[PDB]
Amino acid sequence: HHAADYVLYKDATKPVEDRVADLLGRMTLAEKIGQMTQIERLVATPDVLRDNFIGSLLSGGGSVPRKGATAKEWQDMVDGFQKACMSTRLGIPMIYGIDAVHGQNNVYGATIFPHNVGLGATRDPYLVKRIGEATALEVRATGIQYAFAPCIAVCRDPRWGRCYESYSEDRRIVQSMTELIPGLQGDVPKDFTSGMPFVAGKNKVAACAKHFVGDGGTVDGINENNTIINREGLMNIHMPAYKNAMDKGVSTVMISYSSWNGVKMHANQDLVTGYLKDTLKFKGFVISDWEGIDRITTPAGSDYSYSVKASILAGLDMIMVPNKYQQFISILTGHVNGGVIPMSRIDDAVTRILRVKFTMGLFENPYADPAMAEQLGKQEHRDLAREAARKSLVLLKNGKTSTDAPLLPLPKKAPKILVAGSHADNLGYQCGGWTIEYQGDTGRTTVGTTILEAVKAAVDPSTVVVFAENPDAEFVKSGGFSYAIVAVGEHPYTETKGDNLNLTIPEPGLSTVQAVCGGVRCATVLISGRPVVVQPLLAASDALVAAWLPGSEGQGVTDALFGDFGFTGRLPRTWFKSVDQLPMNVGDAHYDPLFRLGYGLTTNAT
């Protein structure tokens, strides 16, 4: 279609499938294996990217150009890598991926939304869609085109260190929250075929349904571990939301470290090829988890030749290496040259990778848009995060007896009030894991509003606000306080490291609640990624709120505490009486919850 030097794959007016086929037909084996290779920015240079025809880069958790980097620094980094990829013979742009799992959370100054468990508490799929839309803008503000989200794990045991990344133990709620996908990617057209990938263009991002499949079912919540359950339970609990993801055009699917009945997912041809590709008709690309293929063997990495063979024959398309790219490429090249992996498998993987890249407009807009930089931390997005945080709050108690005056909502005008606890003025703790660092961090790690700052911003100007992190009983009784707000809970974790199977919050937490509540009426705000042992906190408190991990916008908490809005959140998970009961799920047999799934007290706006 028209100039003597015309190349069909470079023609933006041509159908995606025609462009894929035209490009594929021109590629060398090295070019094909390159597309299947995703590497860490930490190991990338221009020469590496050109010489190995690299298909993708990522930032893993905490992988950033520097601490405090601006949106433009991120754009310049991504564009620098892209320039190298565009300089190859065929000029195939790379796709850059990142865990933007509650906002663009590795980035300083990005809006941090509540984690998934709290979003589950909202029962508001349209809210989650809007969060997807805002997140895509903040990811594109940094030049990145691909988010490793949503996590559609159905966490069946809160001992799992990633339980906060699951919307619910109830697959129906997880299914409902797949609305994140068309938020991130754009709504699919009216005549859309389920399983086809979709991204609307340069203001949206490719999404990733993860981690396929049964990551939320690992025995004792182990992680990296074994999901022991028959096909009926896999198909009834863990699989359904993958079908909703297909219907919404999710562009990619990431495979789980976990096993299903002792078969590693990264080596499971029946599920990856037989089910996801051949039954669900998924036509996007399947990506490994981080050194996921290495972990097929015991010990991990002990037979990388086997890892490559097993994963690629199972049907994975792109490998998150992410560091030892030379070894990966060499081994895969050897397997193809030896006939161990047929060219048909390589061509399928590359077809899928290219399909996503062409579909999403990456060949037309390979570079960042500087005008998008100002989307990062944009106040409208913070207002949305604040709405989400407020909707996520579950009121568990509002009065010690049925005849007490309800403590919440609190009056904004009072002579003197106390704000206390380890979590009252700690932005990192209120964001939890996957914020700035992989495992999160403590203190003022980004731009946000702590609970204490929210309180000071909400109250009447005549209200004196006193902060004490861990006041003793005497301090409270002598202070002349009208009431106290005390915030405690879990520290940030991902159970790569965090950990504690006992699910009790660290001290001082309970001791502070007891000292405070013993002296003045108190509203306890519990910051957690999951249900934790709560009877002693309840016993001490007049009112108690499960605030989950509400993110950067602490005013969502105070919007409910002071009655600007009523409490509406409902538990998206069972609250156990003790950890001895676990696993214990709405439906079991020994189902004896402290609070059932769906529980939540309400208030009316004042």
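The first residue of the shown sequence is 1; numbering continues from there.
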Taking the deposited Cα B-factors and averaging over 517 to 525 and over 494 to 502, the higher mean is found in 494 to 502
When mean C-alpha B-factors in the record are compared for 358 to 366 and 300 to 308, the larger belongs to 300 to 308
Of the residues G440, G448, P114, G262, the one whose Cα carries the largest B-factor in the deposited record is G262
Max C-alpha B-factor within the set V139, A149, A267, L384 falls on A267
Of the three thirds of Cα B-factor ranks in this chain, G60 occupies the lowest
Split the chain's modelled residues into thirds by Cα B-factor; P550 lands in the lowest
On the chain's distribution of Cα B-factors, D542 falls within the third called middle
The third of the chain into which the C-alpha temperature factor of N398 falls is the middle
Sorting the chain's modelled residues by C-alpha B-factor and splitting them into thirds places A84 in the middle
